[PDB]
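As the structure lists them, so they are numbered: ligands from 1, and atoms in each ligand from 1. Nothing fancy with the numbering, it's 1 onward along the sequence.
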Amino acid sequence: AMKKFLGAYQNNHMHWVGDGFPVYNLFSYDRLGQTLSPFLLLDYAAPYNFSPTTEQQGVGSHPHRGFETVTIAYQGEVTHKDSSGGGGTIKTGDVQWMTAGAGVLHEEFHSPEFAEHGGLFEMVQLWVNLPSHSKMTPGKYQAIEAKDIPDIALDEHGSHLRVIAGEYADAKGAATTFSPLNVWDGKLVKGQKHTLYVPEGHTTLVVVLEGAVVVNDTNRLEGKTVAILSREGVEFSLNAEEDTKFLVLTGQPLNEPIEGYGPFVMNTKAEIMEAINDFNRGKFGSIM
Ligand SMILES: [Mg+2]
Ligand SMILES: [Mg+2]
Ligand SMILES: [Mn+2]
């Protein structure tokens, strides 16, 4: 059966994460909760011009525990570094699927190369929740280069879909996951229609970053919008009215409690108290 369109949320109000990430929060667990499971947050840095600088623009040392952060670079580049010495550089087209797990302390900022040359910066940061049993696993990185992400042509006019996680058209996602979920991104060219198939019972979010696309022939979505489709059903259609940059996020709902506070997302208030205590007492370390 067809998934039904339930509603949509458009945000045109930008806020700054540090001095390097001018983002539009498209969804948060704090407002929609379990409806988004397993997804927790989506921040979109729409194209923003940064002139050349000697400074490090971005966000300084901060902690995470209990979930994963996925950084997708569209224009410009992001360098990240943790206290454990690790980190790396996310170039245009690359993805970092970082599992914070038991904990990480890191900084995220424009790469030195991007800082030196300047230009438009565009990225998405998506937070993905972990099942309770997986939340305290050791933190780890998945640095995925643009050339390793399967890219599926949806038509003969330039529409495409990248399988960042999950599976589409027998193509396997580049990032491994702790629960069944899909993260697909791409571009739908004006005047082309596409039917997508999603697993029955999965949360299904259609994120329109830029452009205009009609869902199931009757609901038009503009840029900076997230649409929520019904969990019941396996298919929906997208028909572009303009060249559209999109994400499709689906996943098996975790059906576990969500207790969040700042950059910590756990299952209970007691676990949040432990995270606060661990961080405030300096147990996450420091970045030199
Ligand atoms: Mg096709
Ligand atoms: Mg430094
Ligand atoms: Mn972070």
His64 and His62: side chain to side chain donor-acceptor pair (under 3.5 Å), yes or no, with the steps?
-> CA-CA 7 Å; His64 297 294; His62 62 276; 3.1 Å; yes
Any protein N, O or S atom under 2.8 Å from the Mg ion (ligand 1)? Found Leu154 O
Strictly by modelled atom types, are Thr89 and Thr79 linked by a side-chain donor-acceptor pair under 3.5 Å?
-> yes
Measure from the Mn ion (ligand 3) to each N, O or S atom of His64 and report whether any distance is below 2.8 Å.
-> yes
With side chain to side chain donor-acceptor pair (under 3.5 Å) as the test, would you mind laying out the steps for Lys135 and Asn129 before giving the verdict?
-> CA-CA 8 Å; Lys135 284 183 172 290; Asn129 208 357; 2.8 Å; yes
Carboxylate-amine/guanidinium proximity below 4.0 Å for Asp155 and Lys193 = no
Considering just N/O/S atoms, say which atom of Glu108 is closest to the Mn ion (ligand 3).
-> OE1
Is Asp278 paired with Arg65 through a side-chain N to carboxylate O contact shorter than 4.0 Å?
-> yes
Does anything in residues 171-196 pair up under ring-ring contact (aromatic ring centres under 6.0 Å, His included), and if so which pairs, sequence neighbours excluded?
-> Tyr168-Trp184
Pair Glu68, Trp97: side-chain N/O donor-acceptor within cut-off below 3.5 Å = yes
